[PDB]
Amino acid sequence: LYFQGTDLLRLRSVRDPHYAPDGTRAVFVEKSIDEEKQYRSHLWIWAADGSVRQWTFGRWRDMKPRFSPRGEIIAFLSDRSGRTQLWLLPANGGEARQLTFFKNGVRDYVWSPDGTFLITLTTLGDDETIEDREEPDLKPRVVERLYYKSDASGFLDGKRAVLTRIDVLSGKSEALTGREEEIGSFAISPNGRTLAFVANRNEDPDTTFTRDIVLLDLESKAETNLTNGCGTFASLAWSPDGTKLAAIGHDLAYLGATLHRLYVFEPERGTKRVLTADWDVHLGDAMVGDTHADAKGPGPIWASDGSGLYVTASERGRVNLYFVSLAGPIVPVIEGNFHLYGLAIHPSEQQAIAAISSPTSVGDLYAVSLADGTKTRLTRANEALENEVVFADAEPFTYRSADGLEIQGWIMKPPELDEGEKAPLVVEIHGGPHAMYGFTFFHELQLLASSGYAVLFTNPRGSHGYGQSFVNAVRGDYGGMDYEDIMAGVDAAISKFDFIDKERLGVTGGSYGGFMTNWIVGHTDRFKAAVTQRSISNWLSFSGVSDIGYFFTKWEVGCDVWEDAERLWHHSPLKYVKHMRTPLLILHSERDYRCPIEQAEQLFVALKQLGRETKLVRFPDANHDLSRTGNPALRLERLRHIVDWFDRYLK
Amino acid sequence: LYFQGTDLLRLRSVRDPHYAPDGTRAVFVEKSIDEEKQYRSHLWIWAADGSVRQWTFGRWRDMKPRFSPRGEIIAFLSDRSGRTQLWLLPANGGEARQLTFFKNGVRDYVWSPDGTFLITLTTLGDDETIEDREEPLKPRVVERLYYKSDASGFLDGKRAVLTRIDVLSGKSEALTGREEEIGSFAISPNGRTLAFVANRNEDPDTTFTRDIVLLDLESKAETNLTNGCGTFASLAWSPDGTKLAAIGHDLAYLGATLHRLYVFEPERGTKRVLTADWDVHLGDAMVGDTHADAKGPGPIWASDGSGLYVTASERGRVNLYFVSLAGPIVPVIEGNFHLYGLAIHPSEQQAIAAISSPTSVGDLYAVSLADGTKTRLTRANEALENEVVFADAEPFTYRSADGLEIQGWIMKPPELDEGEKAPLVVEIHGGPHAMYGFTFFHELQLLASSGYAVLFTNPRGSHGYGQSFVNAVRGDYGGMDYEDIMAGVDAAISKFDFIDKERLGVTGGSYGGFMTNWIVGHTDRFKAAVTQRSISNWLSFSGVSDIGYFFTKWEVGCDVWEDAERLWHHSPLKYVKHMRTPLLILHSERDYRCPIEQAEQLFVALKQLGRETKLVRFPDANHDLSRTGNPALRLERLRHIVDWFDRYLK
Amino acid sequence: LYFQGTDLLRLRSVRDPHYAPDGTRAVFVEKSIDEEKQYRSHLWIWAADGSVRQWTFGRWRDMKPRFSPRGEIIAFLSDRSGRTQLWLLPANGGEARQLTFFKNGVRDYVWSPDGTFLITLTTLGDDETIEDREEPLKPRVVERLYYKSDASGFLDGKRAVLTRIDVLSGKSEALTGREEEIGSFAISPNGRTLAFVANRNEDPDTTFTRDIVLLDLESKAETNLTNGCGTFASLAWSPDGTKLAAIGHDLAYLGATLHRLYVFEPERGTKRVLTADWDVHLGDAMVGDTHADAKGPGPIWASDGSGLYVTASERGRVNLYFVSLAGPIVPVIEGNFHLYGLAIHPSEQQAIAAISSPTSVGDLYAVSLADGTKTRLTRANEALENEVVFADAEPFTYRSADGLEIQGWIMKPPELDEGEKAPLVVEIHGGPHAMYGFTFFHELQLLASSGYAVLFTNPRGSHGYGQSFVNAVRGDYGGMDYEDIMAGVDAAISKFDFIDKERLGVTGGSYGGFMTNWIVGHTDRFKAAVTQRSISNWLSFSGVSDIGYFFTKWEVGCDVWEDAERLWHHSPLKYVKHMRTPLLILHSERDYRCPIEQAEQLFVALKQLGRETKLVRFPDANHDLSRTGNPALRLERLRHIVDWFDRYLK
Ligand code: NA
Ligand code: NA
Ligand code: NA
Ligand code: NA
Ligand code: NA
Ligand code: NA
Ligand code: NA
Ligand code: NA
Ligand code: NA
């Protein structure tokens with residue numbers, strides 16, 4: 001059989017494994033789409049005997065399972081009550097009981113190291129308290145700040161974030177922080193004395209982007225600022241002995257292009273070290289895919305002896321595991337042409353459980369030898385699909401751009417192509433721009449290959465995966481060399497793979513990739529069909545309408561509207577609409593507030609004004625993340641409009 | 001004793017009079033707001049003994065009453081069924097019965113001359129027929145430029161059908177095909193020919209001529225009377241049926257073109273423009289916030305056929321004129337007022353006029369056409385007009401920077417005493433091809449009642465002053481129009497001692513919002529500004545507004561792919577760095593005439609630059625909120641405007 | 001502190017224990033009322049380490065838990081889906097999953113001995129199939145005698161089907177046809193045979209024998225094991241599968257027939273009634289208002305197959321005995337208490353008993369089968385029992401008018417110090433073939449708490465005292481049963497000095513409401529009376545009660561077309577002219593056991609004759625209101641009873 005659009009309904013994404021404290025079993029999450037085309041996620045257990053069994057079952061989403069320090073309770077988050085709350089499932093028998101009842105639910109939580117309580121993140125309006133509980137003429141809205149809406153949740157009310165202690169038995173709640181403008185990552189020390197959390201303590205929170213690590217003495221209730229504006233940080237992790245705190249962070253020297261590095265602080269000594277300051281590699285997961293997108297990645301994990309940290313890193317299309325010792329060495333431990341998107345490390349052994357995806361493998365758990373870098377399959381969560389349907393592999397190649405710069409790309413061949421045949425080529429361009437295509441499972445790409453298209457996808461400069469200079473190169477040069485890198489790849493793929501039909505080329509891409517799709521068709525006539533998605537066409541309006549417009553444009557394109565309007569206009573695809581003579585399908589969602597739908601309307605109207613071939617498809621109620629986590633029926637429709645457009649105009 | 005915002009809930013708009021065919025009585029409409037803050041409208045009869053009595057009563061809207069040619073039935077439109085439908089009320093006893101049950105309701109109707117049927121306008125999806133009746137996830141695929149309207153939101157592209165409805169049986173029969181768009185329609189006195197305006201262009205959204213089609217009722221054959229020579233509305237057959245009159249123009253000046261009176265003689269295949277040499281716009285261009293949806297009369301032939309009575313807009317007035325076929329034109333109901341409704345007696349030189357003025361909300365008057373003397377027939381705002389003191393609007397003229405004469409009006413706070421001065425608020429109307437004038441304006445009374453002197457003017461671009469004056473703004477946005485307004489502030493300061501020249505505010509909506517934004521970016525004399533349903537960025541406007549694909553070109557001068565720097569130069573956002581006046585930005589979420597992104601861009605740039613500004617966003621409201629939107633929201637908009645000036649001007 | 005009406009909301013009823021197969025732990029059920037005054041019930045686990053742990057938690061009812069043969073799964077019934085369905089809970093980790101989705105739910109289930117399937121009982125209309133799933137005018141034509149039930153109103157004639165449900169897939173398969181009725185059922189330990197009790201009579205409503213049918217699970221072939229010899233319940237196969245135990249009788253005394261232990265040997269075609277010569281009623285006849293719907297044990301085989309553990313009702317006690325296949329019957333668990341749930345260890349001489357007594361609501365106990373000594377395992381009412389003073393029930397005996405010995409019990413109000421006297425309330429139990437005794441009774445505590453001495457006795461007609469005593473009421477309603485109760489009142493006054501002989505009240509429900517009505521028409525000794533869900537007219541009862549078409553004949557002695565005057569002579573309404581006791585009449589609108597027309601006739605006749613009476617009608621409740629009905633209505637009913645005695649007794 002061959003991949004169909006409806007196969008996205010069968011996909012199952014295992015993610016987020018965590019060991020029991022005895023290291024003999026692990027809990028993890030399986031996200032699926034059910035018969036009613038709704039998302040569900042449930043907890044599963046990998047057991048010592050190798051059995052993999054489901055432990056939660058309802059028409060809801062369970063997430064973020066963590067074993068208590070004793071191992072007797074699996075804490076987790078679930079939306080089964082109508083909001084996301086913290087529930088408690090016994091590890092040895094019995095159903096889960098609901099622990100928290102916040103009106104606004106729970107975003108995140110940690111266990112206390114003594115297991116008597118958990119620390120949960122909730123949010124409160126100024127008129128609300130932690131005692132307010134979930135309860136499952138007209139007024140204008142007054143806006144007075146720059147950051148007043150988000151793609152994730154629309155109009156904001158400015159609720160403040162609160163970390164609360166929740167007693168494991170009684171459920172009694174007690175605020176630990178004040179009402180914070182924003183709380184990010186948080187973590188309590190192994191001795192239970194200190195709560196570290198990332199906060200926005202700036203006087204103008206919307207326009208200043210440093211983020212401070214704040215330490216809270218639980219007993220004394222006193223807070224000390226560990227960073228005092230030296231950067232921004234995430235994924236905090238205390239060392240086993242409690243004397244060091246690790247964080248992923250950076251100093252914003254290249255704004256959103258800045259490489260994320262491993263920091264280690266010594267709170268008692270007041271000092272910090274950037275362990276990977278001399279390793280030109282971006283820590284974390286920049287990988288672009290449409291499966292596992294919401295999966296909880298692992299931050300840095302200390303080695304049990306406190307000698308260093310296992311970190312994932314994004315290089316050359318791979319997300320792999322490395323060990324950064326405090327003494328200096330940086331060594332690979334789990335390497336290969338794949339996407340490591342979930343990780344649990346054994347409490348004592350040189351062993352790990354890793355969730356790994358590749359172009360021909362949706363995603364599964366593997367036991368990994370930390371010392372020898374080999375793995376053994378634990379799960380086969382997509383067995384029928386992988387046993388029935390042929391997957392196209394993604395073959396990497398490199399090419400030189402117009403200035404000699406080496407670029408990396410990948411090609412997939414239609415698995416129905418017999419020798420001597422040529423397929424039309426679809427170029428996929430990834431968003432960000434500081435993201436990374438690579439060795440992960442991509443249903444859209446499979447669908448295109450199965451529909452008879454060769455698929456090219458590349459990492460033009462501006463991508464992550466190739467170090468600080470490469471990811472930064474696109475800033476201020478939107479539509480310059482980034483655009484040459486992609487067109488060099490088209491030419492390079494044509495010359496390197498004879499199964500490509502040079503006369504039948506298409507291009508598609510979303511967000512930045514949508515900006516670049518629009519840019520392309522206004523600058524070359526080489527393509528017979530183009531599909532732009534969640535795209536940008538006018539940087540001037542983008543700044544004032546996008547939920548991040550008021551800093552993104554400046555950060556990426558180079559300036560604000562009142563600084564250099566004509567530069568913004570010159571880098572706007574709409575400027576080149578007179579040149580556009582390629583049928584252009586414009587896909588956009590009504591509630592996409594990252595790229596406002598006015599971006600799509602402007603381009604569609606100018607093309608229609610000029611008598612050009614174009615069509616605008618508006619997806620209701622969806623946002624920018626539609627293609628990854630939006631309504632599954634609309635994901636099907638989006639894929640069908642893409643494929644039908646190339647079918648009409650490439651075939 | 002002085003106007004308040006909540007007084008808008010008290011306002012009653014009497015409108016749309018129509019004589020019974022014997023001339024002895026007349027039916028009209030009264031629109032109001034009930035204690036649930038909801039719009040109702042009901043039918044009323046003026047009965048010659050002088051009595052005015054209510055004839056419909058429920059929690060619904062009755063509209064457009066018309067007596068049958070025999071006078072025994074009053075037809076009207078009502079939404080009481082849940083959609084607007086044609087009902088019939090006996091003229092001498094009994095309640096109304098529903099006549100039409102169309103799934104998509106009725107937009108408009110006319111009586112047949114014999115009274116046995118009525119012609120109704122409905123709309124049908126491609127999958128629908130005239131037989132479908134009213135009855136109580138997939139992406140949207142958009143393939144055309146005109147895919148949404150401020151009035152309806154997203155359009156489904158139903159086509160228009162005119163259907164004959166038998167008066168006794170309600171049986172329906174389609175007369176037209178499924179038209180892309182049907183405007184005015186009228187049936188000839190002999191009942192044989194239906195004339196209607198249609199969009200017969202191959203690219204309907206980008207071509208703005210509209211054709212008069214003549215449809216032989218018996219054969220259904222059609223002839224195109226106009227073949228693209230302009231655009232037309234308000235059809236009216238002569239009494240002998242040999243001539244067809246219409247209001248129209250040839251688009252020579254796009255949206256600024258004067259509307260003129262045309263007469264067609266279908267049998268001779270000739271046409272003539274009867275007001276070609278009269279430099280006055282026919283129709284009603286008046287700006288107000290009361291009587292906004294009141295149906296205007298349309299041209300009325302003299303019984304003998306020697307000419308037509310037409311309303312027309314000039315110098316702040318909407319008056320009634322007689323245009324003789326030979327050329328001469330007389331005012332026949334004139335005065336410093338707004339004639340917003342009209343019926344002419346069947347056999348006499350008498351009329352019923354709905355008339356508003358700055359100190360009179362609006363009432364019906366019996367008018368002798370021989371001399372223009374009036375008798376009041378209604379007093380629909382008696383309580384409010386007896387308790388609340390109204391500020392008059394005093395007209396004046398002044399010269400602009402280049403000498404051109406401009407007309408304006410000043411309002412002084414009624415509670416102001418001899419020596420005292422009040423801060424001035426300048427109001428700027430939208431359009432721009434509209435006309436401030438002598439009409440009741442609740443919002444202007446509220447500003448006066450709040451202790452503000454109120455200046456409002458007709459800068460060039462306004463209607464009311466001839467073809468050159470109304471066209472002058474096109475291609476010169478923020479040029480001489482801005483000068484006219486500033487010259488008005490200066491002249492007002494000079495001429496009127498009660499103005500406190502040290503406290504000036506400015507506010508306006510739509511084009512008036514573009515202009516408020518323009519003003520605070522080009523001068524700092526105002527200590528406060530409120531911009532409403534405004535424009536800040538012409539480049540995004542063209543692509544997002546429901547009419548942006550022609551308005552920017554028609555009015556600013558070009559499309560973004562022709563001259564983007566010219567659009568930018570006239571965009572108020574370009575000048576945001578100069579902006580030092582506290583700017584309250586009012587905008588509605590579902591305004592698609594001026595999309596909310598215009599306000600959002602200006603808000604963000606001002607906040608980025610640390611300037612004083614707030615963004616107030618009205619849910620579910622569209623561009624017409626201040627006139628016909630949710631009354632509670634209308635209250636809130638008025639409060640937000642007055643509060644901003646109170647904060648920064650007092 | 002002492003008992004209040006609202007304490008019924010705090011009561012928790014532990015019930016229905018079952019051992020895991022390794023005997024180290026037992027699952028049970030706890031029924032409670034939550035803060036919404038709704039009933040909940042959840043699974044709990046007791047383990048041999050002493051821990052008592054709650055295993056389900058949601059806003060619903062879980063019940064009937066049973067470990068699978070290997071003990072890795074706990075099957076149980078839950079209504080959380082909106083219908084009662086079979087759910088599976090992992091025995092050692094993980095949440096429950098729903099196994100069945102019948103549109104009509106599941107009434108009962110058993111495990112396959114090999115653990116791979118379960119057999120569930122569902123019901124189906126004639127147009128339904130087992131494939132129909134839960135999905136969360138017309139005149140009604142009635143053609144049979146049993147056309148409605150107190151439990152479920154008008155019956156739709158759904159037929160019962162036993163279906164095999166695969167554990168893994170949930171794939172279902174009908175095993176039986178559509179049965180007129182299915183009662184007990186059991187799968188033999190080798191998996192080859194399903195035993196179930198069916199109504200196989202040609203006229204099902206009027207013939208009351210019930211057959212044990214044997215069904216070969218492979219072939220679905222069926223055999224009738226009993227062929228009309230009686231009626232049967234509580235089937236249990238011997239460990240080696242050669243014998244089938246049942247609780248049954250041959251109806252020789254109709255509803256008064258003692259229930260006995262039968263043991264069949266299907267292959268030999270033989271049977272023994274092993275308690276035929278033991279004049280004791282097997283099962284639980286106890287009267288109480290707590291634990292009402294708790295699942296009793298049924299007969300349990302000794303692991304070696306040598307005999308059966310049976311509960312029995314005797315002299316106010318529900319106690320445990322052992323019946324050897326070799327003949328002897330010996331006590332096992334004995335005392336002045338109510339054994340209302342029981343599980344016996346799968347291999348050792350130990351049991352888990354749920355035990356109630358007048359001063360203990362109900363808890364679980366480890367019991368030694370060797371000597372009967374017990375250790376407390378739960379304390380589910382600890383706060384309540386720590387805080388409120390319980391009044392004990394002191395038993396006594398007395399002789400009736402003909403010398404027959406009767407057993408009764410008295411309760412002294414806790415707040416009553418030595419020397420002081422209290423008015424007496426006589427409670428009369430229903431049935432009549434039931435048994436007052438040593439069980440917790442919230443209503444009786446509340447009466448004691450409210451300052452009333454409480455007398456409750458077992459007149460002839462009661463169970464607990466042999467075949468002759470329980471049979472004695474039939475054909476003698478209001479005769480010696482009434483004498484027994486009156487003699488109990490005299491005896492209590494004579495023996496218990498704290499009774500104020502001048503202030504006597506009486507109350508009772510169903511049969512005891514008939515008796516209350518009888519009493520007040522035959523004696524004026526009582527100053528207050530409260531009759532509940534009662535009977536006043538045996539003639540109409542026959543035709544309107546859900547069981548009237550046989551109860552009256554069976555109990556009162558004849559049908560209305562046999563001897564109407566006998567029915568009238570025994571109808572309390574016949575004596576209404578004699579009634580001089582203020583009578584509160586309590587009845588529910590949807591009681592179809594005792595229809596509300598019974599209450600209305602007595603009310604009307606008393607009012608016609610000017611007597612003191614009030615009628616209180618409970619909406620939406622049925623006959624079982626006082627035990628399992630709407631908690632708020634249960635409080636209202638207790639409230640009205642106490643208020644009536646407070647008004648006339650104190
Ligand atoms: Na997989
Ligand atoms: Na209607
Ligand atoms: Na004038
Ligand atoms: Na344009
Ligand atoms: Na300014
Ligand atoms: Na108890
Ligand atoms: Na009874
Ligand atoms: Na008898
Ligand atoms: Na009842």
Side-chain angles (χ1 to χ4, degrees), chain B residues 2-15 31 33 284-294 313 315-318 335-341 354-363 380-381 384-385 388-396 407-411 413-414 422 424-432 434-459 462-464 488 492 505-513 516 530 532-533 586 624-629 631 634-635 637-638 641-642 645:
Chain B
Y2 300 128
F3 258 103
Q4 326 150 46
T6 48
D7 282 336
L8 75 78
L9 309 170
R10 285 216 270 176
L11 294 173
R12 307 202 138 235
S13 158
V14 300
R15 34 173 69 213
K31 187 173 157 169
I33 302 167
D284 180 342
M286 184 88 67
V287 186
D289 61 3
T290 314
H291 324 290
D293 61 18
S313 295
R315 303 198 57 74
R317 299 179 281 259
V318 172
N336 292 4
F337 51 71
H338 183 189
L339 177 59
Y340 66 102
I355 299 181
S356 180
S357 84
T359 55
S360 191
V361 182
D363 271 296
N381 298 275
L384 166 89
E385 288 175 344
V388 184
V389 171
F390 289 49
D392 214 340
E394 188 195 329
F396 69 103
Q407 180 175 43
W409 291 255
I410 191 79
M411 265 164 108
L424 176 74
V425 179
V426 188
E427 293 253 7
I428 308 169
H429 67 61
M435 178 181 75
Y436 276 136
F438 308 95
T439 201
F440 180 75
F441 213 144
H442 170 251
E443 169 178 332
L444 305 189
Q445 296 285 336
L446 181 61
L447 285 167
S449 156
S450 297
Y452 296 93
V454 169
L455 165 71
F456 54 106
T457 70
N458 287 323
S462 303
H463 262 304
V506 58
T507 188
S510 202
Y511 167 88
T516 301
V530 186
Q532 314 168 46
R533 55 201 192 270
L586 306 189
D624 298 335
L625 159 64
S626 70
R627 291 172 287 276
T628 60
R634 299 183 55 202
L635 288 177
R637 162 186 172 277
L638 282 176
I641 298 178
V642 172
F645 289 131

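Just so you know, these numbers use all the heavy atoms, side chains as well, and skip hydrogens, waters and symmetry mates. Chain letters run A, B, ... following the sequence lines, proteins first and then strands; every chain starts at 1.
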Handout entry: Under 3.5 Å donor-acceptor, B:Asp363 side chain and B:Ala380 backbone
Key = yes
Problem - Any donor-acceptor N/O pair, B:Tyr452 side chain to B:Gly505 backbone, under 3.5 Å - result: no
Handout entry: Approximate separation, where rounding is to 0.5 Å, of B:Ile641 CD1 and B:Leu447 CG
Key = 7.0 Å
Practice task
For B:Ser510 and B:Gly430, indicate whether the former's side chain and the latter's backbone hold a donor-acceptor pair under 3.5 Å.
Solution key: no
Exercise for the section: Would you confirm whether the ring centroid of B:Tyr436 sits within less than 6.0 angstrom of the ring centroid of B:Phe456? Expected result: yes
Practice task
Please check if the side chain of B:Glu427 supplies one atom and the backbone of B:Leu455 the other of a donor-acceptor pair under 3.5 Å.
Solution key: no
Problem - Flag side-chain contact, heavy atom, 4.5 Å: B:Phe645 against B:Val425 - result: yes
Completion exercise
Heavy-atom nearest pair, B:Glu385 first then B:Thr359, reads OE2-O, 4.4 Å
Problem - Pairwise side-chain contact, B:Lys31 with B:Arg15, heavy-atom cut-off 4.5 Å (strictly under) - result: yes
Handout entry: side chain to side chain contact (heavy atoms under 4.5 Å, CB included) between B:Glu443 and B:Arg637, worked out
Key = CA-CA 10 Å; B:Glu443 169 178 332; B:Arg637 162 186 172 277; 2.7 Å; yes
Problem - Side chain to side chain, B:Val388 and B:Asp7, heavy atoms closer than 4.5 Å - result: yes
Problem - B:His338 backbone acceptor or donor facing B:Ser356 side chain under 3.5 Å - result: no
Exercise for the section: Please answer whether the main-chain N or O of B:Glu394 pairs with a side-chain N or O of B:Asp392 as donor and acceptor at a distance below 3.5 Å. Expected result: no
Exercise for the section: Grab the two heavy atoms, one from B:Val14 and one from B:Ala354, that are nearest each other, plus how far apart they are. Expected result: O-CB, 4.1 Å
Problem - Nearest-0.5 Å distance, CD of residue B:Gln532 to OG of residue B:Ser626 - result: 7.0 Å
Fill in the blank from the handout: Sorted by chain and number, sequence neighbours left out, side-chain hydrogen bond (donor to acceptor under 3.5 Å, both in side chains) with B:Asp624 holds for B:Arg627
Handout entry: Side chain to side chain, B:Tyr340 and B:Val318, heavy atoms closer than 4.5 Å
Key = no
Handout entry: 4.5 Å side-chain heavy-atom contact, B:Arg317 and B:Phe438
Key = yes
Handout entry: B:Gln445 side chain vs B:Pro358 backbone, donor-acceptor pair below 3.5 Å
Key = yes
Handout entry: Verdict with supporting geometry, B:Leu11 and B:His291, side chain to side chain contact (heavy atoms under 4.5 Å, CB included)
Key = CA-CA 10 Å; B:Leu11 294 173; B:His291 324 290; over 6 Å; no
Handout entry: SB check B:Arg634 B:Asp289 (cutoff 4.0 Å)
Key = no
Problem - Criterion side chain to side chain contact (heavy atoms under 4.5 Å, CB included) on B:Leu635 and B:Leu9, from CA distance to verdict - result: CA-CA 9 Å; B:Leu635 288 177; B:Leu9 309 170; 4.1 Å; yes
Exercise for the section: For residues B:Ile410 and B:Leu424, determine if any side-chain heavy atom of one lies less than 4.5 Å from a side-chain heavy atom of the other. Expected result: yes
Completion exercise
For B:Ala453 and B:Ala422 the tightest heavy-atom approach is N-CB, 4.0 Å
Handout entry: Minimum side-chain heavy-atom gap B:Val454-B:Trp409 below 4.5 Å
Key = no
Handout entry: Where B:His429 and B:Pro459 come nearest, the two heavy atoms and their spacing
Key = NE2-CD, 4.3 Å
Completion exercise
Smallest heavy-atom separation, B:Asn458 atom then B:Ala434 atom, equals OD1-O, 4.2 Å
Exercise for the section: Say whether, by atom type as modelled, one donor and one acceptor occur between the side chain of B:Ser360 and the main chain of B:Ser357 under 3.5 angstrom. Expected result: no
Exercise for the section: Please step through side chain to side chain donor-acceptor pair (under 3.5 Å) for the pair B:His442 and B:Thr290, ending with a clear verdict. Expected result: CA-CA 7 Å; B:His442 170 251; B:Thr290 314; over 6 Å; no
Practice task
State, to 0.1 Å, how close B:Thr516 and B:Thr507 come at their nearest heavy-atom pair, and which atoms those are.
Solution key: OG1-C, 3.4 Å
Exercise for the section: Answer yes if the ring centres of B:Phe440 and B:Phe390 are under 6.0 angstrom apart, and no otherwise. Expected result: yes
Practice task
In sequence, state the C-alpha distance, the side-chain angles, and the governing distance for B:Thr439 and B:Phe337, and then conclude on side chain to side chain contact (heavy atoms under 4.5 Å, CB included).
Solution key: CA-CA 6 Å; B:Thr439 201; B:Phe337 51 71; over 6 Å; no
